[PDB]
Amino acid sequence: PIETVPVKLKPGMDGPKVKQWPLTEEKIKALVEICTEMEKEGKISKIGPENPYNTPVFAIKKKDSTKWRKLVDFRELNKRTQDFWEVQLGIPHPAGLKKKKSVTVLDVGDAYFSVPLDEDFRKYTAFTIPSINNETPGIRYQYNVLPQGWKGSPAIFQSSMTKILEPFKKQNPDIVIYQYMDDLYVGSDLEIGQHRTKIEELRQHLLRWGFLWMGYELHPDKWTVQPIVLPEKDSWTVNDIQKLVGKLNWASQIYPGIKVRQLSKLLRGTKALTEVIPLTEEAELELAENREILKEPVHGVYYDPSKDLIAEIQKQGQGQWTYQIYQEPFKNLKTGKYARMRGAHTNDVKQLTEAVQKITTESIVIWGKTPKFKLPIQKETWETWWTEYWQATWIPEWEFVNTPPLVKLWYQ
Amino acid sequence: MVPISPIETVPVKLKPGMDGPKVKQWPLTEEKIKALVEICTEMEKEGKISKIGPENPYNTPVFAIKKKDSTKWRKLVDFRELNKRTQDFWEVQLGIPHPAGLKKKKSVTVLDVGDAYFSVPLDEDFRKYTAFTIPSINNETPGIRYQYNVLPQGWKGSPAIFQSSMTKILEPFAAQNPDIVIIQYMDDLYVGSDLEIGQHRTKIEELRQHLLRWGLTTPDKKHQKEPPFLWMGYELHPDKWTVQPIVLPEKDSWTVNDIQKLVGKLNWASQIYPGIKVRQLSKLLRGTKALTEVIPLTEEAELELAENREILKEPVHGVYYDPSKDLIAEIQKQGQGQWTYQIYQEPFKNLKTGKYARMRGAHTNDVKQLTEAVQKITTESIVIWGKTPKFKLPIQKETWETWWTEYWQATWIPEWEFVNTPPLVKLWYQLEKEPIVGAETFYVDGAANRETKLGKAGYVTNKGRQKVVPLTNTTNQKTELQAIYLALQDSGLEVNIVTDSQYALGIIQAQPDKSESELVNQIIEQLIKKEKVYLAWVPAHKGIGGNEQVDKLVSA
Ligand SMILES: Cc1cc(/C=C/C#N)cc(C)c1Oc1nc(NC2CCN(Cc3ccc(S(N)(=O)=O)cc3)CC2)nc2ccsc12
Ligand SMILES: [Mg+2]
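Chains as they are written, first to last, in PDB author numbering: chain B, 4 to 213, 227 to 428; chain A, -1 to 554.
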């Protein structure tokens, strides 16, 4: 693969100039060893002061692994790299991947290091290994080959990947294989038993063509918009009715025909919050009609691939997190709820970081792109700690929610 | 002749589209021209510059400057125009080491590398852009035109290219001598180690032997500074470090920049002098840009400055870093959004100190500020030492547990332990999760007319208690808060309150303990007095009783 594909930046855009954030000693030492051997293998080269660009780098440990992995935060370079109409004007996103019973995710990013990078573009991949206390100048490198995490790497490599797969693909024409950045999503409609073998024979298939032993498996038969449910009770207090009317008023922004007139009139007077109110049968009927309305899907909800996906997350307590994915307000394309985030019963931020990664993974499977997150956390807390729990090879965008949303109660 | 390796040249370019400078040489006096001709002649025989023909169309003006007693002339080429057109570089001299991260060094040698600077060649293809012209005597001959072969002083790329070339030169020597440290500071090179003076001196001689490979001669800096080194505003002593003397000036009339260098001295001193406070002195600046405006010190700024004099009365020193011992950070609340901290390994010997000031906002609480201080110290500690310190915080473990388990945001503080040093950070109120049985229920509402600013606020309760208060010069949002305040004022120790104010919920659900709104502060003071408060929200104008009745009362 000696011929490099020519790559350019977007018109009137310079290369990234992103500051390297501080790293602990053990992450620096890990990056020094990794990059020393990458330099020996020709994947990267030292650079001089005539290169003013920079992209941040840190170190992670992938799921169920103890070997340090180098992760470059190419987010700025990705939005500055030319739009890629690869060999086509696009691959239509495989709408059947989200329907398979089992999907295994395979880290294939190491294949990128076989293709050299356009020599005129290498300077824009510059990154710095910082030193502790600025006691030595940072170690400056640039990439000679397609780097993991860069937008152009799957596009430039895909023609090489299309042929590596298609012997496997015509053996199993009902296996859906999808590529997003460094990862391959291989979904089969067969029960786990021989799925692992089918992933393993892909895994050895690839190594015969020039790996990482690793794969995380998902089951997207689940992924819908969770229904709005209303309580079913034999005795309602004034407070219960008030919370119900508030929830229904919120749901009325999403669903047509929600009514709270009969339920509100039960609260005629100035009653103690704990007093039991018997429901009239007009109120029961109205409540029953609202229950029926909430059983149907929301009217006119469609995915527009030109707009951003928005993911909101609420902390619900006791390790529970709710989330909604949408592009337009009250037009949820997907909602969900999480519990029992592994390895962090006493760390809110670790739980949030794992929720972000799982929502992003779901969004990749369903739409082939990552959402923009609205995170219920102060910026300084998130920014200090999220890299400590990050285990994915991509990174989405995020913004911060500083005012407590009233609607946390409605997804409760 | 001993063959020497060439210093690898850095390729340099102009900014895209731009061309080299074309600035006219100013007229000079005959005496200055004679001076510049001699200076450049010796520079030329040393290889620094070279005569060029008339084809070069670029030019940069040259000047001749003197000094007071130095009875000679100085050359100065003003590369301001060329610097505007030169590419950006990796400025590898951005951040400096903090002394508190440094480790003890038994011996330190200083080497002068000022003349090694001129062994760094300038990129051949860029030299043409450095052209300058000595005007001739009486303008009767063509001016002598030169260009640089070496890094011009005053040119944009010279500091970055010089340090990068030296670092590349020194790289194998440092890597194969792990028991020494080397750093470059302007024309000075400092080599420290823990070797006995014999082996140390040997390593220095080996370093000179190494630098000779590139033809670099490095005598030790003339007029040896005996400790401490005066470096980057610090005093580096062999076993202690501190800032250079902090002298608060005596004044009976301060203007806004006398306070702004006061703030800078105190900000500089706050990294080793514990308890420095600057808020009441910094607040005296906000809205002015005329620096000679005399502003009276408030009684609170004289008090603050006085307290700073008492901390500055005696020099204090920080210790250097011992990697074998723990790293500990301790924080204290100072009041008015201010926090101080000390980082140490052994008790009473600080590596460094510091302070944190609350962010600007309408409402806040101590736990959020303490959390922000922790994140700042965490990030600074990773910079300086490469690790998070163990924290000692003035907040009970039970208080923190209650806070983060109930707070609507995700939050986290790393490994920490309680230190019982008042004032302790606490939660000042906690709202109920469920309505209170037997507690009176207040349905509150407020309203204001947008054009006349006339409003009402009040409540009605399940016991028939009622109140409406007329208000002037008010808004919807203020009357909604007023209504809640009145319910708290007029209720017993336990109370259920029902509002339709999303604005009031959003404030109270943020759990502030202080506000820039006096009404919110009054509500906070009432909440502190209660035993149980349940706050419930309902949507407005949906026929909900209690709420509909009071809405009528207050909406004119
Ligand atoms: C080596 C060095 C010197 C200086 C001074 C500049 C000036 N002007 C600055 C830095 C940043 C240096 O760089 C590192 N300095 C250290 N530690 C220091 C070394 C100096 N001592 C003070 C001292 C020691 C011995 C004598 S003595 N007895 O020889 O007269 C006199 C004074 C405090 C700790 N550690 C590192 C690690 C990587 S770089 C680096
Ligand atoms: Mg009203």
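Here a beta-carbon is modelled for each residue, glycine too, at the ideal position from N, C-alpha and C.
* To do: Using a Cβ-Cβ cut-off of less than 8 Å, list which residues of the region 497 to 516 of chain A approach chain B; keep chain order.
  => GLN500, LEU503, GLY504, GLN507 and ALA508
* To do: Grab the span of the beta strand (DSSP E) containing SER163 of chain B for me, first residue to last.
  => It is not in any beta strand (DSSP E) - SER163 of chain B instead sits in the alpha helix (DSSP H) that spans 155 to 174.
* Asked: Residue ranges of each beta strand (DSSP E) run of no fewer than 3 residues wholly in the region 106 to 163 of chain B, ordered along the chain?
  -> 130 to 132 and 142 to 146
* Asked: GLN336 of chain B and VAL423 of chain B: beta carbons closer than 9 Å?
  -> Result no, Cβ atoms of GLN336 of chain B and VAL423 of chain B do not sit closer than 9 Å.
* Start and end residues, alpha helix (DSSP H) containing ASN519 of chain A -> 516 to 527
* Neighbourhood of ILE393 of chain A by C-beta, 8 Å cutoff - its chain only, sequence neighbours within 5 removed -> Correct list, in chain order: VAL365, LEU368, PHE416, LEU422, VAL423 and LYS424.
* Starting from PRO236 of chain B and walking both ways along the alpha helix (DSSP H), at which residues does that stretch end? -> Looking at the DSSP string, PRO236 of chain B is not in any alpha helix (DSSP H), and its letter there is neither H nor E.
* Asked: For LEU282 of chain B, which residues of its own chain have a beta-carbon under 7 Å away from its beta-carbon, when the five flanking residues on both sides are left out?
  -> The beta carbon of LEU282 of chain B sits closer than 7 Å to the beta carbons of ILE257, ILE293, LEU295, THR296 and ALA299 from its chain, once the five residues preceding and following it are set aside; these are given in chain order.
* To do: Below 8 Å on the Cβ atoms is my guess for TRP414 of chain A versus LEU391 of chain A; work out the distance and round it to an integer in Å.
  => 5 Å
* **3 or more residues per run - each beta strand (DSSP E) lying fully within the region 383 to 436 of chain A** => Runs of the beta strand (DSSP E) inside the region 383 to 436 of chain A: 388 to 391 and 414 to 416.
* Decide if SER251 of chain A is buried, meaning its Cβ has at least 16 other Cβ atoms within 10 Å, or exposed. => exposed
* Asked: Mind checking if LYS43 of chain B is an interface residue toward chain A, Cβ cutoff 9 Å exclusive?
  -> no
* To do: Compute every distance between the C-beta of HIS198 of chain B and the non-hydrogen atoms of ligand 4, then say whether any falls below 8 Å.
  => Only ligand 1 and ligand 2 can be found as ligands here, which leaves ligand 4 out of the picture.
* According to DSSP, what are the bridge partners of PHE77 of chain B? -> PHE77 of chain B pairs with nothing; no bridge assigned.
* Buried versus exposed call for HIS315 of chain B [16 or more other C-beta atoms within 10 Å across all chains shown] -> exposed
* Where DSSP assigns a beta bridge to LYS102 of chain B, which residues make up the other side? -> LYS102 of chain B is not bridged to any residue.
* To do: Could you pull the start and end residues of the alpha helix (DSSP H) that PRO157 of chain A belongs to?
  => Note, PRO157 of chain A: alpha helix (DSSP H), 156 to 173.
* Contacting residues, own chain, Cβ-Cβ under 8 Å from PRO420 of chain A (five flanking each side not counted) -> Closer than 8 Å at Cβ, skipping near neighbours: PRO392.
* Asked: Taking Cβ to Cβ, would you say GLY444 of chain A is nearer than 9 Å to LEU479 of chain A?
  -> yes
* chain A beta carbons: is any one of them nearer than 9 Å to that of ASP76 of chain B? -> no
* Cross-chain neighbours of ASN81 of chain B in chain A, by beta carbon under 9 Å -> Within chain A, no residue comes near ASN81 of chain B; the closest Cβ sits about 22 Å away, beyond 9 Å.
* Asked: Can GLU79 of chain A and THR7 of chain A be called in contact, C-beta distance under 9 Å?
  -> no
* Run the CB neighbour count on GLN373 of chain A, radius 10 Å, all protein chains shown included, and call it buried at 16 or more, exposed below. => buried
* **First and last residue of the uninterrupted alpha helix (DSSP H) at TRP266 of chain B** => Annotation: the continuous alpha helix (DSSP H) that includes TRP266 of chain B extends over 254 to 267.
* To do: Output yes or no for whether 9 Å exceeds the beta carbon distance between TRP414 of chain B and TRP398 of chain B.
  => yes
* **Boundaries (first-last residue) of the beta strand (DSSP E) holding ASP110 of chain A** => First-last of the beta strand (DSSP E) with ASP110 of chain A: 105 to 110.
* Extent of the continuous beta strand (DSSP E) to which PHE124 of chain A belongs -> Counting along the chain, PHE124 of chain A falls outside any beta strand (DSSP E), though it belongs to the alpha helix (DSSP H) covering 122 to 125.
* Candidates A:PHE171, A:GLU297 and A:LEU187: closest to residue 630 of chain A by CA position -> With chain A represented from -1 up to 554, any question about residue 630 of chain A goes unanswered, as that position is not in the structure.
* **Proximity test, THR200 of chain A beta-carbon vs ligand 1 heavy atom, cut-off 8 Å** => no
* Asked: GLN343 of chain B by DSSP, collapsed to three states: which one?
  -> Here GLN343 of chain B carries a coil assignment [DSSP, helix/strand/coil].
* **Selected residue, minimal CA-CA separation from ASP186 of chain B, among B:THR419, B:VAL8, B:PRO4 and B:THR376** => B:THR376
* Mind checking if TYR188 of chain A is an interface residue toward chain B, Cβ cutoff 9 Å exclusive? -> Nearest CB-CB separation between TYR188 of chain A and chain B: not below the 9 Å threshold.
* Quick one: grab the DSSP three-state call for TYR271 of chain A. => coil
* Report all residues from its chain with a CB closer than 7 Å to the CB of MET41 of chain B; omit the five preceding and five following residues, and keep chain order. => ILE47, listed in sequence order.
* Does ligand 2 have a heavy atom nearer than 8 Å to the CB of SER553 of chain A? -> Checking every heavy atom of ligand 2 against the Cβ of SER553 of chain A, one is found closer than 8 Å.
* **Cβ-based neighbour list, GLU492 of chain A, same chain, cut-off 6 Å, excluding 5 preceding and 5 following** => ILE434, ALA437, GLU529 and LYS530
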